[PDB]
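One structure below.
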Amino acid sequence: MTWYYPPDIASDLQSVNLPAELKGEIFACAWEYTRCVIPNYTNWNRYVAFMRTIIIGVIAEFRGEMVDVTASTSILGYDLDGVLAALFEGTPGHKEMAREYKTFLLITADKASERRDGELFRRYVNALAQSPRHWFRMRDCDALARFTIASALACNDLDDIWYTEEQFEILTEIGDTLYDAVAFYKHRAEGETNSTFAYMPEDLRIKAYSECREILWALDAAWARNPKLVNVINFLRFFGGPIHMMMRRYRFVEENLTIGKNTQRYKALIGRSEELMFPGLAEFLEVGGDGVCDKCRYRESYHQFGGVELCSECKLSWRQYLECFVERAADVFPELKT
Amino acid sequence: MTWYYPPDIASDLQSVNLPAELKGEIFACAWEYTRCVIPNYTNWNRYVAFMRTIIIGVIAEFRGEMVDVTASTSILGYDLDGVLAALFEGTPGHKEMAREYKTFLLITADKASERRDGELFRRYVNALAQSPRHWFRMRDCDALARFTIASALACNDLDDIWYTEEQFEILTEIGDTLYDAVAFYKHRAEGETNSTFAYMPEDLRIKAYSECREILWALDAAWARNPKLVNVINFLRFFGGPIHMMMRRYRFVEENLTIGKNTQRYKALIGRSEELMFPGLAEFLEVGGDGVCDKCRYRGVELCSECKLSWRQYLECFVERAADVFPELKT
Ligand SMILES: CC(C)=CCC/C(C)=C/CC/C(C)=C/CSP(=O)(O)OP(=O)(O)O
Ligand SMILES: CC(C)=CCC/C(C)=C/CC/C(C)=C/CSP(=O)(O)OP(=O)(O)O
Ligand SMILES: [Mg+2]
Ligand SMILES: [Mg+2]
Ligand SMILES: [Zn+2]
Ligand SMILES: [Zn+2]
């Protein structure tokens with residue numbers, strides 16, 4: 001396996017002590033993922049900037065101690081605010097997407113370090129189980145799903161396209177449900193905190209893929225004749241499982257071409273929430289951080305999922321929320337009712 | 001489960017007696033295939049023209065009797081040459097792509113009808129096994145591969161991009177190998193005449209997918225900073241397996257989100273070669289028709305030990321042949 005990627009990023013990470021071999025695999029992952037889920041572009045500078053947000057994120061996912069968004073320094077030799085400005089300067093969601101990405105670095109770096117055992121990560125894992133709507137919003141930011149919808153419009157110079165909050169919530173729910181359904185087994189093997197069907201009932205995993213895919217086709221059909229909006233649908237379609245066959249990050253080939261097998265720091269970051277946290281996350285962490293249910297089983301710190309275990313009365317509410325996805329979709333996207 | 005597709009094609013096939021639910025299924029298939037392997041467009045008119053070629057093709061592929069390019073009239077209520085001009089007028093391969101398509105209609109509708117037993121089809125299936133280069137050229141046309149590369153350029157108003165014969169051959173070999181690797185099982189339980197790894201040793205299936213996927217990543221890299229060539233790469237990448245997860249035609253849900261389980265007629269049509277057959281097919285049929293190898297078993301053809309190894313060396317050779325054809329891979 002040779003690692004192929006544009007030379008623009010081939011001398012990235014000069015300040016960073018990792019094997020050249022590993023820099024290679026990281027650069028390739030950012031290229032592969034960018035080309036899979038933003039398969040069209042008009043703006044090379046934004047494309048590469050997006051690639052650089054994936055380079056930092058890949059590193060954060062497996063060596064949290066190397067990435068500290070709180071230090072407000074160079075991150076891995078990159079000036080993060082300026083990379084974020086190259087990407088989104090003059091798009092509707094610049095400031096909010098800079099928050100989305102910093103939240104992703106903060107949480108992913110904590111999860112992939114000692115700091116996993118700290119207050120921020122405990123509050124976050126607990127806050128995931130607050131509610132099914134809360135789950136999908138945090139999972140959105142963990143997967144950079146609305147960040148990548150914003151990035152796909154930006155990289156095609158669509159600086160005038162945007163969505164309501166509820167519209168982002170439906171689009172990312174479709175994307176994340178589709179991915180999380182295909183990535184189930186892989187996520188379990190890893191002991192993930194962040195996988196839809198650690199929380200959502202396993203017996204709905206096939207039905208929920210099917211429903212999401214179908215709605216996606218329905219919105220796609222409704223958006224016909226506007227080729228700009230194809231960049232949003234393509235993100236979700238290509239992210240929602242297909243990347244498992246396409247990216248060397250995954251083991252389709254290896255598996256013989258088959259699919260299916262310190263409370264101060266918290267309070268300081270909460271005070272920096274306008275900088276570091278997506279709109280609403282600080283509230284999510286204050287309300288859900290300690291658990292919201294007496295029967296749900298929390299751990300004192302964080303071939304099985306590593307998160308909160310929902311009690312069976314909570315799981316019904318999760319089941320029921322999944323089961324009214326079509327109505328919740330048609331609701332924010334009236335064009336589906338037609 | 002209901003069928004979703006732009007309302008532009010929702011009243012196609014008014015001349016065709018089929019249940020509205022099968023029309024719906026066919027419209028969905030064409031809409032879903034188009035969006036999957038041509039994920040961008042600028043030219044909606046050309047995009048609908050492409051969907052309609054897929055609509056006709058879906059119907060040829062399961063009821064050959066309902067499609068006859070030979071009869072020189074409208075096909076399933078479409079003016080075929082008109083859909084093809086809507087798609088390709090001003091593009092560099094209009095005449096060739098029209099011949100390409102017509103060959104697909106000719107061979108697909110024979111395969112899926114009584115004509116399956118004719119000289120023309122008998123010669124075509126023997127011609128598949130002439131050589132591995134021949135297989136990939138004919139598989140190309142059976143899958144509308146280069147037809148779809150051309151349509152991806154057209155649907156994005158790239159009226160001036162084209163490839164040499166050699167360059168299409170490699171591009172479609174990438175796509176057809178990736179697709180045929182993944183679709184192996186779907187095709188074994190179908191008894192396809194047209195599957196790569198019925199000819200290519202089955203053990204190279206995994207290697208080949210890997211290597212094709214690796215070359216497609218190398219090509220993608222080389223073509224960086226030229227957004228218009230993404231439409232070529234995107235076709236091969238999304239055609240080559242990922243459609244099994246994305247289109248309802250396939251069984252990803254139903255399999256629990258898993259992948260991996262007369263001679264007068266013949267001579268009349270050769271006489272209409274410039275109209276009905278891709279450049280060179282006539283020859284492939286003339287020379288290949290009665291088999292090429294004393295040892296190979298003809299009547300899909302079953303290859304001898306000598307031939308099977310020659311095909312092996314042709315697969316193993318792929319990187320060299322791609323780099324030969326596309327200097328951009330060497331660097
Ligand atoms: C920047 C980012 C979102 C992730 C870094 C690794 C990358 C780029 C993976 C491919 C994109 C996916 C599937 C992200 C889901 S977050 P996940 O942790 O569930 O991804 P995984 O399933 O482990 O690949
Ligand atoms: C336009 C066309 C070429 C085919 C008509 C039906 C469609 C739209 C199928 C999907 C496109 C593919 C993968 C073509 C392979 S032909 P095959 O018969 O070997 O593929 P199969 O696996 O049976 O779909
Ligand atoms: Mg992960
Ligand atoms: Mg078929
Ligand atoms: Zn509970
Ligand atoms: Zn032989």
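If you're wondering about the labels, chains in the structure tokens are A, B, ... by order shown, residues count from 1 in each chain, ligands from 1 in order shown.
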Proximity of chain B to ligand 2: per-residue shortest pair, 6 Å limit, only C-alpha atoms and all ligand atoms, as JSON lines:
{"residue": "B:30", "atom": "CA", "partner": "ligand 2", "partner_atom_place_in_ligand_line": "8 (C)", "distance": 5.9}
{"residue": "B:33", "atom": "CA", "partner": "ligand 2", "partner_atom_place_in_ligand_line": "8 (C)", "distance": 5.7}
{"residue": "B:54", "atom": "CA", "partner": "ligand 2", "partner_atom_place_in_ligand_line": "1 (C)", "distance": 4.8}
{"residue": "B:57", "atom": "CA", "partner": "ligand 2", "partner_atom_place_in_ligand_line": "1 (C)", "distance": 5.0}
{"residue": "B:58", "atom": "CA", "partner": "ligand 2", "partner_atom_place_in_ligand_line": "5 (C)", "distance": 4.3}
{"residue": "B:142", "atom": "CA", "partner": "ligand 2", "partner_atom_place_in_ligand_line": "3 (C)", "distance": 5.9}
{"residue": "B:143", "atom": "CA", "partner": "ligand 2", "partner_atom_place_in_ligand_line": "3 (C)", "distance": 3.7}
{"residue": "B:144", "atom": "CA", "partner": "ligand 2", "partner_atom_place_in_ligand_line": "3 (C)", "distance": 4.8}
{"residue": "B:183", "atom": "CA", "partner": "ligand 2", "partner_atom_place_in_ligand_line": "22 (O)", "distance": 5.9}
{"residue": "B:194", "atom": "CA", "partner": "ligand 2", "partner_atom_place_in_ligand_line": "19 (O)", "distance": 5.9}
Write out, as a PDB file, in the first residue's frame, the residues just selected, with N, CA, C and O atoms.
ATOM      1  N   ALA B  30     -33.205   4.333 -12.444  1.00  0.00           N
ATOM      2  CA  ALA B  30     -32.499   5.287 -13.328  1.00  0.00           C
ATOM      3  C   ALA B  30     -32.098   6.536 -12.543  1.00  0.00           C
ATOM      4  O   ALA B  30     -30.946   6.986 -12.682  1.00  0.00           O
ATOM      5  N   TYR B  33     -29.205   5.542 -10.072  1.00  0.00           N
ATOM      6  CA  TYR B  33     -27.928   5.208 -10.742  1.00  0.00           C
ATOM      7  C   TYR B  33     -27.267   6.509 -11.187  1.00  0.00           C
ATOM      8  O   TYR B  33     -26.054   6.737 -10.941  1.00  0.00           O
ATOM      9  N   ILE B  54     -30.901   5.059 -19.336  1.00  0.00           N
ATOM     10  CA  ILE B  54     -30.896   4.055 -18.229  1.00  0.00           C
ATOM     11  C   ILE B  54     -32.290   3.432 -18.171  1.00  0.00           C
ATOM     12  O   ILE B  54     -32.367   2.213 -18.123  1.00  0.00           O
ATOM     13  N   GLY B  57     -32.497   0.968 -20.903  1.00  0.00           N
ATOM     14  CA  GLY B  57     -31.547  -0.111 -20.567  1.00  0.00           C
ATOM     15  C   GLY B  57     -32.051  -1.062 -19.472  1.00  0.00           C
ATOM     16  O   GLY B  57     -31.886  -2.290 -19.632  1.00  0.00           O
ATOM     17  N   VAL B  58     -32.620  -0.528 -18.389  1.00  0.00           N
ATOM     18  CA  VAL B  58     -33.245  -1.353 -17.324  1.00  0.00           C
ATOM     19  C   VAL B  58     -34.290  -2.289 -17.938  1.00  0.00           C
ATOM     20  O   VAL B  58     -34.474  -3.387 -17.373  1.00  0.00           O
ATOM     21  N   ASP B 142     -21.098  -3.521 -22.293  1.00  0.00           N
ATOM     22  CA  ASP B 142     -22.185  -4.225 -21.562  1.00  0.00           C
ATOM     23  C   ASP B 142     -22.615  -3.403 -20.323  1.00  0.00           C
ATOM     24  O   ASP B 142     -23.783  -3.552 -19.900  1.00  0.00           O
ATOM     25  N   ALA B 143     -21.738  -2.556 -19.770  1.00  0.00           N
ATOM     26  CA  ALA B 143     -21.967  -1.800 -18.526  1.00  0.00           C
ATOM     27  C   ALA B 143     -22.148  -0.297 -18.799  1.00  0.00           C
ATOM     28  O   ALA B 143     -22.310   0.468 -17.842  1.00  0.00           O
ATOM     29  N   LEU B 144     -22.150   0.107 -20.057  1.00  0.00           N
ATOM     30  CA  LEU B 144     -22.145   1.530 -20.517  1.00  0.00           C
ATOM     31  C   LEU B 144     -21.077   2.344 -19.796  1.00  0.00           C
ATOM     32  O   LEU B 144     -21.339   3.497 -19.413  1.00  0.00           O
ATOM     33  N   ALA B 183     -19.470  -7.420  -7.121  1.00  0.00           N
ATOM     34  CA  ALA B 183     -20.743  -8.001  -7.598  1.00  0.00           C
ATOM     35  C   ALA B 183     -20.586  -9.504  -7.873  1.00  0.00           C
ATOM     36  O   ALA B 183     -21.582 -10.129  -8.240  1.00  0.00           O
ATOM     37  N   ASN B 194     -21.500 -12.125 -18.492  1.00  0.00           N
ATOM     38  CA  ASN B 194     -20.713 -10.874 -18.347  1.00  0.00           C
ATOM     39  C   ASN B 194     -20.370 -10.629 -16.856  1.00  0.00           C
ATOM     40  O   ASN B 194     -20.986  -9.726 -16.240  1.00  0.00           O
TER      41      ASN B 194
END
Problem - Surrounding residues of residue 180 (chain B) excluding itself and chain neighbours under 6 positions, 12 Å, only C-alpha atoms, as a VMD selection string - result: (chain A and resid 257) or (chain B and resid 136 139 to 140 143 172 to 174 186 to 188 192 194 to 200 202 204 to 206 208 to 209 212 239 to 242 244)
Exercise for the section: Name each residue within 6 Å of ligand 1, counting only C-alpha atoms and all ligand atoms, as a list in words. Expected result: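 Final answer, ordered by chain and number: residues 33, 54, 57, 58, 142, 143, 144 and 183 of chain A.
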Exercise for the section: Using only C-alpha atoms, determine which residues of chain B fall within 8 Å of chain A; present them as a PyMOL selection string. Expected result: chain B and resi 1-2+4-6+32+39-42+44+181-182+206+209-210+213-214+217-218+221-222+224-225+227+230-231+234+237+241-242+245-246+253+256-260
Practice task
Find the residue from B:297, B:122, B:312, B:35 that sits nearest to ligand 6; use only C-alpha atoms and all ligand atoms when measuring.
Solution key: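 Comparing B:297, B:122, B:312, B:35 against ligand 6, the winner is B:297.
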Problem - Every residue of region 92-177 of chain B that DSSP places in alpha helix (DSSP H), as number ranges by chain - result: B: 94-111, 119-127, 132-142, 145-154, 165-177
Selection from above, C-alpha atoms, as a PDB file, in the first residue's frame, can you write it?
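Below is the file that was written, out_1.pdb:
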ATOM      1  CA  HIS B  94     -21.589  11.772 -30.120  1.00  0.00           C
ATOM      2  CA  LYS B  95     -21.472   9.308 -33.057  1.00  0.00           C
ATOM      3  CA  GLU B  96     -19.280   6.676 -31.213  1.00  0.00           C
ATOM      4  CA  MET B  97     -21.375   6.932 -27.983  1.00  0.00           C
ATOM      5  CA  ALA B  98     -24.594   6.493 -30.047  1.00  0.00           C
ATOM      6  CA  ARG B  99     -23.038   3.271 -31.595  1.00  0.00           C
ATOM      7  CA  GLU B 100     -21.862   2.246 -28.043  1.00  0.00           C
ATOM      8  CA  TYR B 101     -25.384   2.576 -26.627  1.00  0.00           C
ATOM      9  CA  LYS B 102     -27.058   0.876 -29.613  1.00  0.00           C
ATOM     10  CA  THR B 103     -24.685  -2.134 -29.160  1.00  0.00           C
ATOM     11  CA  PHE B 104     -25.736  -2.354 -25.479  1.00  0.00           C
ATOM     12  CA  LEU B 105     -29.458  -2.359 -26.564  1.00  0.00           C
ATOM     13  CA  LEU B 106     -28.706  -4.930 -29.351  1.00  0.00           C
ATOM     14  CA  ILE B 107     -26.757  -7.357 -27.030  1.00  0.00           C
ATOM     15  CA  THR B 108     -28.634  -6.731 -23.726  1.00  0.00           C
ATOM     16  CA  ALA B 109     -32.107  -7.265 -25.392  1.00  0.00           C
ATOM     17  CA  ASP B 110     -30.866 -10.485 -27.167  1.00  0.00           C
ATOM     18  CA  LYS B 111     -29.372 -11.855 -23.858  1.00  0.00           C
ATOM     19  CA  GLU B 119     -25.870 -16.672 -34.064  1.00  0.00           C
ATOM     20  CA  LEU B 120     -25.285 -12.990 -33.060  1.00  0.00           C
ATOM     21  CA  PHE B 121     -25.373 -13.749 -29.261  1.00  0.00           C
ATOM     22  CA  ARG B 122     -23.495 -17.118 -29.776  1.00  0.00           C
ATOM     23  CA  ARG B 123     -20.670 -15.175 -31.519  1.00  0.00           C
ATOM     24  CA  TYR B 124     -20.678 -12.329 -28.911  1.00  0.00           C
ATOM     25  CA  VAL B 125     -20.233 -14.765 -25.941  1.00  0.00           C
ATOM     26  CA  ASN B 126     -17.350 -16.589 -27.770  1.00  0.00           C
ATOM     27  CA  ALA B 127     -15.849 -13.139 -28.661  1.00  0.00           C
ATOM     28  CA  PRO B 132      -8.559 -10.271 -21.622  1.00  0.00           C
ATOM     29  CA  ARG B 133      -8.218  -6.883 -23.475  1.00  0.00           C
ATOM     30  CA  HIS B 134     -11.267  -7.961 -25.623  1.00  0.00           C
ATOM     31  CA  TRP B 135     -13.265  -8.994 -22.473  1.00  0.00           C
ATOM     32  CA  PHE B 136     -12.759  -5.558 -20.813  1.00  0.00           C
ATOM     33  CA  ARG B 137     -13.663  -3.714 -24.100  1.00  0.00           C
ATOM     34  CA  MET B 138     -16.935  -5.711 -24.446  1.00  0.00           C
ATOM     35  CA  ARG B 139     -17.684  -5.626 -20.656  1.00  0.00           C
ATOM     36  CA  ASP B 140     -17.187  -1.811 -20.973  1.00  0.00           C
ATOM     37  CA  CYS B 141     -20.056  -1.660 -23.532  1.00  0.00           C
ATOM     38  CA  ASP B 142     -22.185  -4.225 -21.562  1.00  0.00           C
ATOM     39  CA  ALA B 145     -18.892   2.379 -18.742  1.00  0.00           C
ATOM     40  CA  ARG B 146     -17.202   4.751 -21.274  1.00  0.00           C
ATOM     41  CA  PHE B 147     -20.778   5.759 -22.325  1.00  0.00           C
ATOM     42  CA  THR B 148     -21.287   6.890 -18.699  1.00  0.00           C
ATOM     43  CA  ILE B 149     -17.791   8.603 -18.562  1.00  0.00           C
ATOM     44  CA  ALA B 150     -18.814  10.560 -21.694  1.00  0.00           C
ATOM     45  CA  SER B 151     -22.286  11.282 -20.153  1.00  0.00           C
ATOM     46  CA  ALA B 152     -20.635  12.515 -16.891  1.00  0.00           C
ATOM     47  CA  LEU B 153     -18.584  15.050 -18.978  1.00  0.00           C
ATOM     48  CA  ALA B 154     -21.678  16.053 -21.068  1.00  0.00           C
ATOM     49  CA  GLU B 165      -9.011   4.536 -27.059  1.00  0.00           C
ATOM     50  CA  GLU B 166      -6.211   3.190 -24.704  1.00  0.00           C
ATOM     51  CA  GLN B 167      -7.201   5.670 -21.947  1.00  0.00           C
ATOM     52  CA  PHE B 168     -10.930   4.628 -21.985  1.00  0.00           C
ATOM     53  CA  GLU B 169      -9.860   0.977 -22.010  1.00  0.00           C
ATOM     54  CA  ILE B 170      -7.839   1.445 -18.734  1.00  0.00           C
ATOM     55  CA  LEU B 171     -10.429   3.768 -17.091  1.00  0.00           C
ATOM     56  CA  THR B 172     -13.283   1.258 -17.717  1.00  0.00           C
ATOM     57  CA  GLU B 173     -11.021  -1.690 -16.702  1.00  0.00           C
ATOM     58  CA  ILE B 174     -10.565   0.048 -13.306  1.00  0.00           C
ATOM     59  CA  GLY B 175     -14.360   0.590 -12.908  1.00  0.00           C
ATOM     60  CA  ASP B 176     -15.441  -2.803 -14.362  1.00  0.00           C
ATOM     61  CA  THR B 177     -12.873  -4.758 -12.203  1.00  0.00           C
TER      62      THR B 177
END
Interface rows for chain A against ligand 5: nearest pair, Å to one decimal, 7 Å, only C-alpha atoms and all ligand atoms, as a Markdown table:
| residue | atom | partner | partner_atom_place_in_ligand_line | distance |
| --- | --- | --- | --- | --- |
| A:293 | CA | ligand 5 | 1 (Zn) | 4.6 |
| A:294 | CA | ligand 5 | 1 (Zn) | 6.3 |
| A:295 | CA | ligand 5 | 1 (Zn) | 4.9 |
| A:296 | CA | ligand 5 | 1 (Zn) | 3.9 |
| A:310 | CA | ligand 5 | 1 (Zn) | 5.3 |
| A:311 | CA | ligand 5 | 1 (Zn) | 4.4 |
| A:312 | CA | ligand 5 | 1 (Zn) | 6.9 |
| A:313 | CA | ligand 5 | 1 (Zn) | 6.0 |
| A:314 | CA | ligand 5 | 1 (Zn) | 4.3 |
Any chance you can output those residues with N, CA and C atoms as an mmCIF file, in the first residue's frame?
data_model
loop_
_atom_site.group_PDB
_atom_site.id
_atom_site.type_symbol
_atom_site.label_atom_id
_atom_site.label_comp_id
_atom_site.auth_asym_id
_atom_site.auth_seq_id
_atom_site.Cartn_x
_atom_site.Cartn_y
_atom_site.Cartn_z
ATOM 1 N N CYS A 293 -31.598 10.742 34.707
ATOM 2 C CA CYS A 293 -32.500 9.602 35.008
ATOM 3 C C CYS A 293 -31.945 8.758 36.160
ATOM 4 N N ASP A 294 -32.833 8.210 36.990
ATOM 5 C CA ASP A 294 -32.480 7.451 38.215
ATOM 6 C C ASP A 294 -32.218 5.987 37.855
ATOM 7 N N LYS A 295 -32.752 5.504 36.740
ATOM 8 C CA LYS A 295 -32.683 4.057 36.413
ATOM 9 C C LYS A 295 -31.555 3.829 35.399
ATOM 10 N N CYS A 296 -31.244 4.839 34.576
ATOM 11 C CA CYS A 296 -30.088 4.823 33.637
ATOM 12 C C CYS A 296 -28.816 4.636 34.461
ATOM 13 N N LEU A 310 -28.605 2.991 28.896
ATOM 14 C CA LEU A 310 -29.999 3.499 29.033
ATOM 15 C C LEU A 310 -30.856 2.451 29.753
ATOM 16 N N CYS A 311 -31.684 2.861 30.709
ATOM 17 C CA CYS A 311 -32.658 1.906 31.289
ATOM 18 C C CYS A 311 -33.686 1.645 30.209
ATOM 19 N N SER A 312 -34.554 0.671 30.424
ATOM 20 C CA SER A 312 -35.487 0.185 29.387
ATOM 21 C C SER A 312 -36.624 1.191 29.162
ATOM 22 N N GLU A 313 -37.008 1.985 30.166
ATOM 23 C CA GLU A 313 -38.052 3.051 30.038
ATOM 24 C C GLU A 313 -37.510 4.204 29.175
ATOM 25 N N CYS A 314 -36.226 4.515 29.308
ATOM 26 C CA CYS A 314 -35.538 5.522 28.462
ATOM 27 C C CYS A 314 -35.409 4.967 27.042
#
Practice task
Pick out the residues no farther than 8 Å from ligand 3, counting only C-alpha atoms and all ligand atoms, and list them as JSON, numbers by chain.
Solution key: {"A": [61, 187, 192]}
Dump as a PDB file, in the first residue's frame, selection limited to C-alpha atoms:
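Result file result03.pdb:
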ATOM      1  CA  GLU A  61      -8.513  10.648  17.278  1.00  0.00           C
ATOM      2  CA  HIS A 187     -17.580   0.757  16.993  1.00  0.00           C
ATOM      3  CA  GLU A 192     -16.869   3.555  21.486  1.00  0.00           C
TER       4      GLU A 192
END
Contact table chain B vs ligand 6, cut-off 6 Å, shortest pair per residue, only C-alpha atoms and all ligand atoms, as CSV:
residue,atom,partner,partner_atom_place_in_ligand_line,distance
B:293,CA,ligand 6,1 (Zn),4.6
B:295,CA,ligand 6,1 (Zn),4.9
B:296,CA,ligand 6,1 (Zn),3.8
B:303,CA,ligand 6,1 (Zn),5.2
B:304,CA,ligand 6,1 (Zn),4.3
B:306,CA,ligand 6,1 (Zn),5.9
B:307,CA,ligand 6,1 (Zn),4.4
Okay, now the selection with N, CA and C atoms, as a PDB file, in the first residue's frame?
ATOM      1  N   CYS B 293      -9.278 -20.705 -29.795  1.00  0.00           N
ATOM      2  CA  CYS B 293      -8.342 -21.606 -29.086  1.00  0.00           C
ATOM      3  C   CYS B 293      -8.837 -23.047 -29.222  1.00  0.00           C
ATOM      4  N   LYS B 295      -8.107 -25.506 -27.368  1.00  0.00           N
ATOM      5  CA  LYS B 295      -8.266 -26.127 -26.020  1.00  0.00           C
ATOM      6  C   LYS B 295      -9.486 -25.536 -25.283  1.00  0.00           C
ATOM      7  N   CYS B 296      -9.758 -24.232 -25.423  1.00  0.00           N
ATOM      8  CA  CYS B 296     -10.907 -23.534 -24.782  1.00  0.00           C
ATOM      9  C   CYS B 296     -12.216 -24.222 -25.184  1.00  0.00           C
ATOM     10  N   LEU B 303     -12.571 -21.251 -20.068  1.00  0.00           N
ATOM     11  CA  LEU B 303     -11.181 -21.112 -20.607  1.00  0.00           C
ATOM     12  C   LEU B 303     -10.315 -22.319 -20.205  1.00  0.00           C
ATOM     13  N   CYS B 304      -9.392 -22.711 -21.098  1.00  0.00           N
ATOM     14  CA  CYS B 304      -8.315 -23.710 -20.843  1.00  0.00           C
ATOM     15  C   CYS B 304      -7.278 -23.143 -19.862  1.00  0.00           C
ATOM     16  N   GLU B 306      -3.893 -22.847 -20.370  1.00  0.00           N
ATOM     17  CA  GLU B 306      -2.942 -21.940 -21.065  1.00  0.00           C
ATOM     18  C   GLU B 306      -3.543 -20.531 -21.017  1.00  0.00           C
ATOM     19  N   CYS B 307      -4.750 -20.371 -21.568  1.00  0.00           N
ATOM     20  CA  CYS B 307      -5.480 -19.072 -21.663  1.00  0.00           C
ATOM     21  C   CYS B 307      -5.638 -18.464 -20.268  1.00  0.00           C
TER      22      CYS B 307
END
Problem - Interatomic distance, CA of residue 62 (chain B) to CA of residue 20 (chain B) (Å, one decimal) - result: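 Going from CA of residue 62 (chain B) over to CA of residue 20 (chain B) covers 16.4 Å.
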Fill in the blank from the handout: Students should find that CA of residue 174 (chain A) and CA of residue 212 (chain A) are spaced 5.1 Å
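The nearest approach to residue 317 (chain A) among the residues A:336, A:236, A:129, A:198, with only C-alpha atoms taken into account, belongs to A:129.
Here CA of residue 185 (chain B) stands at a distance of 15.7 Å from CA of residue 300 (chain B).
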Practice task
Check the smallest atom-to-atom distance from each of A:105, A:112, A:141, A:324 to residue 280 (chain A) using only C-alpha atoms, then report the winner.
Solution key: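 Answer, going by the shortest atom-to-atom distance: A:141.
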Handout entry: Counting only C-alpha atoms and all ligand atoms, the option among B:301, B:59, B:87, B:69 closest to ligand 4
Key = B:59
Problem - Surrounding residues of residue 273 (chain A) excluding itself and chain neighbours under 4 positions, 12 Å, only C-alpha atoms, as a list in words - result: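 So, after excluding close chain neighbours, the residues are residues 70, 96, 98, 99, 100, 102, 103, 106, 266, 267, 268, 269, 277, 278, 279, 280, 281, 282, 283, 284, 285 and 286 of chain A.
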Practice task
Choose the residue, out of B:157, B:8, B:68, B:190, that has the smallest atom-to-atom separation from ligand 4; count only C-alpha atoms and all ligand atoms.
Solution key: B:190
